[PDB]
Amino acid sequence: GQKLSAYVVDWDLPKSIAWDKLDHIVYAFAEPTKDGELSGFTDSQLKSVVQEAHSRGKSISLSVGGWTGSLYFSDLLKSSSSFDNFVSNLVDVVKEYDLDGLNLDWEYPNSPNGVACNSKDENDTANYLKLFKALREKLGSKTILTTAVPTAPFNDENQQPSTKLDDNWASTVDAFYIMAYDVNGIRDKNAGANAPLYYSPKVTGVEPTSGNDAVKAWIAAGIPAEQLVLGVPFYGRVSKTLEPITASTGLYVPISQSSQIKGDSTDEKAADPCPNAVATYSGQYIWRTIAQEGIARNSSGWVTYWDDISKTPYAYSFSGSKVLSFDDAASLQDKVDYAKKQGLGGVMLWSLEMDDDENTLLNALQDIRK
């Protein structure tokens, strides 16, 4: 298995990759086109990084899909001819780039969530498994086949999270990388954690999930814990509170749902790949910024707190009335402790370039690889 996997992104590769602090690089993203070709990544970068990984004895997978790369998965897999062509192209990419694996990041099978104009079909989840089976048959047992997954099992024919997965999921796919981040946001009445480790039903106005709830849901639906990988963020998110946060309010306070405020300098306005889509901010605030601004020592207009329920830090800036939910060394350690206790297969991180030059967050993950 891969104890610690790190996503790196084509549009912003890390200036230096800390190879000795990770086991697996996941290169994001190749985006399937309407014709089932793989586009949206930089040839020379992937070849450079594969060579570096291999020189260092490290495994590298290509991640296929991602948020803006999921438009065509449903269409591609629901037609026999496009399915076969897509499979052929995926096998070709593995050979062309000497990849050790493929990480499929369809966001999401049969879902009106994810990019609004994504194709969708009742058979999406069954077809996704068919895809993994085809890849397994063509590439063999050595290739690492993984999938990045939401906080509940893949949707069934009625767009409901599956309560019982086909046991060929676990027997075909090596690992399931749970995206236990971006959990709360403007779709919720109250602020909540970006990557809560726990969720308590006593808290209303937030999404009723967390790392723990997600892991439990995936295990309950049939995936053994050792094939689950807990994903963690190297960024936080800002929300705009309607009233100030104080020592008395805690994190879970009412927020503006009118529009997502900008996070840090990495938070560029961007529109989803749909007709007439409006450009929006994500509220992303990467660790490098959190560290540089001294948020943790109440600098730069922030006052920091810890949320004991979710086991994550948060901070309030009276200027702009912003709450930042984030992860630090302590909260990442707590996620690792949880992952080890649950006997998970490992952890993964999104994404590597977000760490500071001292590898503060990546260092916080090291207990998973021992």
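Position 1 is the first residue in the sequence shown; the rest follow in order.
Stretch exceeding the other in mean C-alpha B-factor - 260 to 268, 163 to 171: Comparing 260 to 268 with 163 to 171, the higher average CA B-factor belongs to 260 to 268.
Higher-B stretch (mean Cα B-factor, as the entry records it), 14 to 22 or 358 to 366: The stretch with the larger average C-alpha B-factor is 14 to 22.
Selection from 236, 244, 224, 205 [criterion: highest C-alpha temperature factor in the record]: By C-alpha B-factor in the record, 205 ranks first.
Among 102, 277, 230, 135 - the residue whose C-alpha B-factor is largest in the record: In the PDB entry, the greatest C-alpha B-factor among 102, 277, 230, 135 is found at 277.
Residue 124, C-alpha B-factor rank within chain (lowest, middle or highest third): Lowest third.
Cα B factor band for residue 334 (lowest, middle or highest third within the chain): As the PDB entry reports it, the C-alpha B-factor of residue 334 lands in the lowest third of its chain.
Third of the chain, ranked by Cα B-factor, where residue 29 sits: Its C-alpha B-factor, which the entry lists for residue 29, ranks in the middle third among residues of this chain.
Residue 109 - Cα temperature factor, lowest/middle/highest third of chain: Answer is lowest: the recorded C-alpha B-factor places it there.
Chain-relative CA temperature factor third for residue 295: Its C-alpha B-factor belongs to the highest third of this chain's values.
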